[PDB]
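In case you want the letters, here they are:
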Amino acid sequence: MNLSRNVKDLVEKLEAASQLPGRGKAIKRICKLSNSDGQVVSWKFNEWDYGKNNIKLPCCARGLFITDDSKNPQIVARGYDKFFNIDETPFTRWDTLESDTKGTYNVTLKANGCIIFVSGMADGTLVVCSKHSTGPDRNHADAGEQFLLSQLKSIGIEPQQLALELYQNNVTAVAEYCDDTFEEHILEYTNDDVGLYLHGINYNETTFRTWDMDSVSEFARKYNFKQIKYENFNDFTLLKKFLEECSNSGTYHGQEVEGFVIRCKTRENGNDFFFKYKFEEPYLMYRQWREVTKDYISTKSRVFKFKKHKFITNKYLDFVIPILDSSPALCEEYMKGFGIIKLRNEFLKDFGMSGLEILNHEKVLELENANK
Ligand SMILES: Nc1ncnc2c1ncn2[C@@H]1O[C@H](COP(=O)(O)O)[C@@H](O)[C@H]1O
Ligand SMILES: [Cl-]
C-alpha cells in the first residue's frame, strides 16, 4: 500500500502537457527494459522550453524514466536538472548567484564521456539507461552496462546487490563513461582512464535532490566506480577567486580545462542548484583550427570565414597544410577525430608560444605583423 513512490500526479501532468501543440509539449517515448522485458516511459521537453519563468514545467530533470503501471507509476530513473552557463539566464548572472545561493560550492570538471543512469527495481533488475534510451541510440547504455558488470566482477559484488541498494534508497546513479572508441574533444582530458566514472547520485523524486560528493565517493568505492576529482569552496568570494585565477591561468592542476560544473544550494529553501562556468578561450581558437583543418582535408581550401584569431589561424594553416598534403594517414585520423590535440601542440611548438601566451600578445602581434 506504499504510496510514497506513487507519482501519478506528475504522470497526469506530463500526459496533459503532451497534448500541448507548440509550447511546453511533453515528449513521450516508451522503451522496453533490457532485463525485465517490461516497459518504461521516458519524458523529455524541448531545450528552448527549459529555464524560463513564463514556461513552468512539471519537472526539470534531463532524463526521466517512469514505470508502466496505471495505478502506481514510479520514477525508475532521474537525472540532473537542466542547468545553464553563467549569464545565460537572468538567474545565472554573476551577481544574482551570490545573493540567492549559499555553500558549500562544489566544483567538478566538465564531463567528456557519455552519460548513463543506473537504477534498481524491486525484482533486482539493474536498469541501465542512457540519453532517453534503455531498450536500447548511441548504445552507450549497453557499453556502460558491460563496463559496470566487468567492474562489479572485479570486486565480487553481484549486480543484484547494487540494484537493491539503489532501490532501497530510491536513487539513480548518474555516471560518465569514456571509451577509447570515443573521439577527441578540443581540450585534452586527464581523466581518460577508460571505464565508468560516478558523477553523482539523485533521489527518484519530482524535485531535484542530489547526494553530497563524499557520500558519492563512499558509494563508488563500495561498487568499484572510478572516482571523480572535485574541490570545495565555502563562500562565493573564494569560488570567484578560484575561477578567475584559473581563467587567467588556463590550468586547473596542470591540465587544460574546458569548463566547470558548480553545485550549490539556493539560499531560499536550501535546494540544489547547478551552473556551468565555461572558459571560452582557448577553446574557440582551437576549435576554429580544427574546423579549418577538416575543411582543408575535405576540400583543399584554406579560406575561412572567421573574424577572430585570423593571423594565428593563417600561420597554423601555413604550418599544417604541407603536413596534411604529405601525410594521408594523419588526414584520415584527423577526420575521424584523432590527432587534433597532437597537431595543435605541434603548431604551438613551431610558433614558439603557448596558447595562452599567444592569446595575451595577440592584438599586439597581429597589428605588428600587419604593420610590417
Ligand atoms: N559534467 C557535465 N558538464 C556539462 N553538461 C553535463 C554534464 N553532465 C551532464 N550534462 C548534461 O548534458 C547535456 C548537454 O550535453 P551535450 O550538449 O551533449 O554536451 C545537458 O543536459 C547537461 O545538463
Ligand atoms: Cl507528484
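In terms of determination method and resolution, the entry is listed under X-ray crystallography at 2.75 Å.

1. With respect to the overall build of the protein
Counting its regular elements, the protein contains 12 helices and 12 strands. The globule rule puts the C-alpha radius of gyration for 372 residues at 21 Å, and the 23 Å found for the protein is close to it. A principal-axis box enclosing the C-alpha atoms of the protein has dimensions of 80 × 50 × 45 Å.

2. Digging into the side chain of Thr108
Its place among the elements puts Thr108 in strand β5 (residues 101–109). Overall, the relative accessible area of 1% leaves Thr108 in the buried class. With residues up to four places along the chain from it excluded, the contact list for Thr108 reads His199, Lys229, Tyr230, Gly259, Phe260 and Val261.

3. Remarks on the environment of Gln39
Mapped onto the elements, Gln39 comes out in strand β2 (residues 39–44). On a C-alpha basis, the gap between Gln39 and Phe91 in space is 37 Å, while along the polypeptide they are 52 residues apart. Every residue in contact with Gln39, bar those within four places of it in the chain, is listed here: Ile30, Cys31, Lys32, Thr67 and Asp68.

4. Remarks on the sheet that holds β2
Taken together, 4 strands build an open sheet; the order of strands is β1-β2-β3-β4 and the sheet is antiparallel. Two strands bound the open sheet, and with one partner strand each, they are β1 (27–32) and β4 (75–78). Averaged over all neighbouring strand pairs, the angle between strand axes comes to 25°, with direction disregarded. Direction of pairing for β2 relative to strand β3 (residues 64–66): antiparallel, over a ladder of 3 bridges. The partner of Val41 across the bridge, within β3, is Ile66. Sheet strands touched by helix α1 (residues 8–18): β1, β2 and β3. Its angle to β3, the strand with the most contacts, is close to 115°.

5. A word on the site of ligand 1
The environment of ligand 1 is made up of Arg62, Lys82, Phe83, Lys110, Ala111, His199, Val261 and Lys276. In the model, an oxygen atom of ligand 1 is placed 3.4 Å from a nitrogen or oxygen of the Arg62 side chain. Relative to its unbound accessible area of 500 Å², ligand 1 is 61% covered by the protein chains. The residue makeup of the shell around ligand 1, split by class, is 3 nonpolar, 1 polar and 4 charged.

6. A few points about the domain arrangement of the protein
As far as domains go, the protein holds domain 1 (8–278) and domain 2 (283–371). Counting across the interface, domain 1 meets domain 2 through 1 salt bridge. Notably, a salt bridge pairs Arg344 with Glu256, separated by 2.6 Å at the nearest N-O pair. Across the contact surface, domain 1 and domain 2 share 5 residue pairs in polar contact.

7. Here we look at the packing of aromatic side chains
The geometry of an aromatic ring pair is captured by two quantities: the separation of the ring centres and the angle between the planes. Tallied over the entire structure, the rule returns 29 aromatic pairs. Residues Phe208 and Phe274 carry aromatic rings whose centres are separated by 5.2 Å and whose planes lie at 70° to one another, so their mutual orientation is edge-to-face. Linking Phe208 in the loop between β9 (196–203) and α5 (213–222) with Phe274 in strand β12 (residues 272–278), this pair joins segments that are 66 residues apart in sequence. Here the two residues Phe208 and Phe274 agree in accessibility, since each one is buried. Between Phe319 and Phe347, the aromatic rings sit 6.2 Å apart at their centres with planes inclined by 45°, giving tilted as the arrangement. Separated by 28 residues along the polypeptide, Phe319 in helix α8 (residues 310–326) and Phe347 in helix α10 (residues 340–351) bring together distant segments of the chain. Members of the aromatic cluster, connected to one another through ring pairs, are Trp94, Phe233, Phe242, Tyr252, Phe260, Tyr277 and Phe279. Taking NZ or CZ as reference, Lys278 lies 3.8 Å from the ring centre of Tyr283, over its face.

8. Digging into the UniProt feature "active site" (unreviewed entry) in the protein
Here, UniProt's "active site" (unreviewed entry) annotation points to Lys110. Note on placement: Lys110 falls in the loop between β5 and β6 (114–120).

9. Details of α5
Since the α-helix packs 3.6 residues into each turn, any two residues three or four apart lie on the same face. Among all positions in α5, only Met213, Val216, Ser217, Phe219 and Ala220 are buried. On an axial view of α5, the arc spanned by its buried residues comes to 165°, and they lie on one face. For α5, exposure combined with an orientation more than 90 degrees from the buried face picks out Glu218 and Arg221. At its buried positions, α5 is contacted by β5, α4 (159–169), β9, β10 (230–233) and β11 (259–266). Trailing α5 by a residue or two, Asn224 shows a phi angle of about 60°, which is positive.

Definitions and cut-offs
- Residues numbered from 1 in each chain as written, not as in the entry; some residues may be left out.
- Chains lettered and ligands numbered in written order.
- Heavy atoms only, no water.
- Residues with missing side-chain atoms left out of burial classes, pairs and counts.
- Helix = DSSP H or I, 4+ residues; strand = E, 2+ residues; numbered from the N terminus.
- Rg over C-alpha atoms; globule rule 2.2 N^0.38 Å.
- Buried < 20%, exposed > 50% of the residue type's maximum accessible area, 1.4 Å probe, protein only.
- Contact = heavy atoms within 4.5 Å.
- Pairing = 2+ DSSP bridges.
- Axes fitted to C-alpha atoms, helices over the stretch in contact; angles between N-to-C directions.
- Near = heavy atom within 4 Å.
- Polar contact = N/O pair within 3.5 Å; in protein donor to acceptor, adjacent residues only side chain to side chain.
- Areas by Shrake-Rupley, 256 points an atom, 1.4 Å probe, with all protein chains shown as cover.
- Nonpolar A, V, L, I, M, F, W, Y, C, P; charged D, E, K, R; others polar.
- Domains from an automatic or database assignment.
- Salt bridge = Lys/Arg side-chain N within 4 Å of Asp/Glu carboxyl O.
- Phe/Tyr/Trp six-rings, centres within 6.5 Å; stacked < 30°, edge-to-face > 60°.
- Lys NZ or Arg CZ within 6 Å of the ring centre and 35° of its normal.
- UniProt positions renumbered as here; feature names shortened; annotations may be inferred.
- Arc of directions from axis to C-beta.

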